[PDB]
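Asker: For reference, the structure I am asking about is given below.
Protein chains: 2
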Amino acid sequence: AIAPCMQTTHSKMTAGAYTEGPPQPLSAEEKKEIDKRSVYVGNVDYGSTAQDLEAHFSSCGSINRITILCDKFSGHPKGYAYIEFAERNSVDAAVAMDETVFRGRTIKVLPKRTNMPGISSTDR
Amino acid sequence: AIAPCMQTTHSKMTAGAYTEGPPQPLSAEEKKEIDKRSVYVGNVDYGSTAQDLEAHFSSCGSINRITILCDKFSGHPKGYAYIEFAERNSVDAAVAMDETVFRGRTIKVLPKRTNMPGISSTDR
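Top to bottom, those sequences are chains A and B. For the first sequence, our numbering gives the first residue as 1, with consecutive numbering after it. For the second sequence, our numbering gives the first residue as 1001, with consecutive numbering after it.
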């Protein structure tokens, strides 16, 4: 049984642009692959920020990126998070928890929009 | 050259104003006003979380929404956050901290803005 007791904190990577902004260096296809293996995690409690939130999903695979949005438009900050995994295995394993119950509330997890809003084909 | 279709349109942002995920996106202008009051907080490390992060910005105004994205595909888990305030006063006060040091590292804060490509749901 391995348990992280402090340490392991190392985020000293800024790239150094001083104008980083919203993006990260990914090609259009890096972006497609990540959303294909991304999930939407909604109605998450404000208590489950990135560290706690990843832990639950990390059991289903390896996380590549995560985006968490909290709206106080509702007075109470609600959380929605998009978890983007490294593998397709992980997304499929995560979506299986779609209607699981977490912290007393039922959360919802489904892929970050892989649906057909009409015709969709990479090559036509 | 073979041109089956003459395509000339404008590049509209997808994340933020379009994809709110499964929920239906709130008003277009609610979205505009929030961007106009939004800041980009980058280089925030994985050690900070939403509560801690809000506290620093809450000192400079009232937060309406926040979006935090952490990338770990680079191996190192990094953080970027978009803080959306309720007042324009707050965004201006927050951007004044563009050069500052938080948790021992220099972060970068400047205004954030998304836009919509068009939102419609076809019934039948």
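We treat Cβ as the ideally placed atom computed from N, Cα and C, and that holds for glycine.
Please determine if the segment 80-99 of chain A and the segment 29-41 of chain A are in contact, where contact requires at least 3 C-beta pairs separated by less than 8 Å.
Answerer: Contact between the segment 80-99 of chain A and the segment 29-41 of chain A is present, because at least three Cβ pairs lie under 8 Å.
Asker: Could you tell me if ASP1123(B) is buried or exposed, where buried requires 16 or more neighbouring beta carbons within 10 angstroms of its beta carbon?
Answerer: Exposed: under 16 other Cβ atoms inside 10 Å.
Asker: Go ahead and pull the three-state DSSP assignment for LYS1108(B).
Answerer: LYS1108(B): strand per DSSP, three-state reduction.
Asker: DSSP three-state label for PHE57(A), please.
Answerer: Note: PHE57(A) maps to helix in three-state DSSP.
Asker: Between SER62(A) and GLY1047(B), how many whole angstroms is the CB-CB distance? I'm expecting something under 8 Å.
Answerer: The pair is not a contact, with the Cβ atoms about 21 Å apart (cut-off 8 Å).
Asker: Let me know the secondary structure DSSP gives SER1074(B) once reduced to three states.
Answerer: Reduced to three states, the DSSP call for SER1074(B) is coil.
Asker: Whole angstroms is fine: what's the gap from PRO4(A)'s alpha carbon to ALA55(A)'s?
Answerer: Using only the alpha carbons, I get a separation of about 12 Å.
Asker: Between which residues of its own chain and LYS36(A) is the CB-CB distance below 8 Å, once the five residues before and five after are set aside?
Answerer: These residues qualify, in order along the chain: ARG88, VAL91, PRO111 and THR114.
Asker: When the cut-off is 7 Å and only beta carbons count, does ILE63(A) lie next to chain B?
Answerer: With 7 Å as the cut-off, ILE63(A) counts as an interface residue toward chain B.
Asker: Quick one: what's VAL1101(B) bridged to in DSSP?
Answerer: Bridge partners of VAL1101(B): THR1106(B).
Asker: Just checking: is the beta-carbon of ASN1043(B) within a distance shorter than 7 Å of some beta-carbon in chain A?
Answerer: Yes, contact with chain A.
Asker: Using a beta-carbon distance below 7 Å, is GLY1118(B) in contact with chain A?
Answerer: It does not; no Cβ of chain A falls within 7 Å.
Asker: Which residues of the segment 1012-1029 of chain B have a Cβ closer than 7 Å to any Cβ of chain A? Give them in chain order.
Answerer: Here the close residues are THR1019, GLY1021, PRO1022 and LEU1026.
Asker: Note down the Cα distance separating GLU1030(B) from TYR1018(B), rounded to an integer number of angstroms.
Answerer: If you take the alpha carbons of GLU1030(B) and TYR1018(B), they lie about 13 Å apart.
Asker: Using DSSP's beta-bridge definition, name the partner residues of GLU29(A).
Answerer: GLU29(A) pairs with nothing; no bridge assigned.
Asker: Within 7 Å (strictly less), CB to CB, does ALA1094(B) reach chain A?
Answerer: By this cut-off, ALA1094(B) is not an interface position.
Asker: If you check the beta carbons only, do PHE1073(B) and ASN64(A) fall under 7 Å apart?
Answerer: Yes, they are a contact pair.
Asker: Tell me which residues share the same chain as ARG1105(B) and place their Cβ nearer than 7 Å to its Cβ, disregarding the 5 neighbours each side in the sequence.
Answerer: Correct list, in chain order: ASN1043 and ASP1045.
Asker: When you compare only the Cα positions, how much space is there between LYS78(A) and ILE68(A)?
Answerer: Computed Cα separation, rounded: 10 Å.
Asker: If you measure between the beta carbons of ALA1015(B) and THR49(A), is that distance less than 7 Å?
Answerer: Contact flag unset, no.
Asker: Buried or exposed: where does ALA81(A) fall if 16 or more other Cβ atoms within 10 Å of its Cβ makes it buried?
Answerer: Buried is the call here.
Asker: Using a Cβ-Cβ distance under 7 Å, would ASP123(A) count as near chain B?
Answerer: It does not: the Cβ of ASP123(A) has no partner Cβ on chain B nearer than 7 Å.
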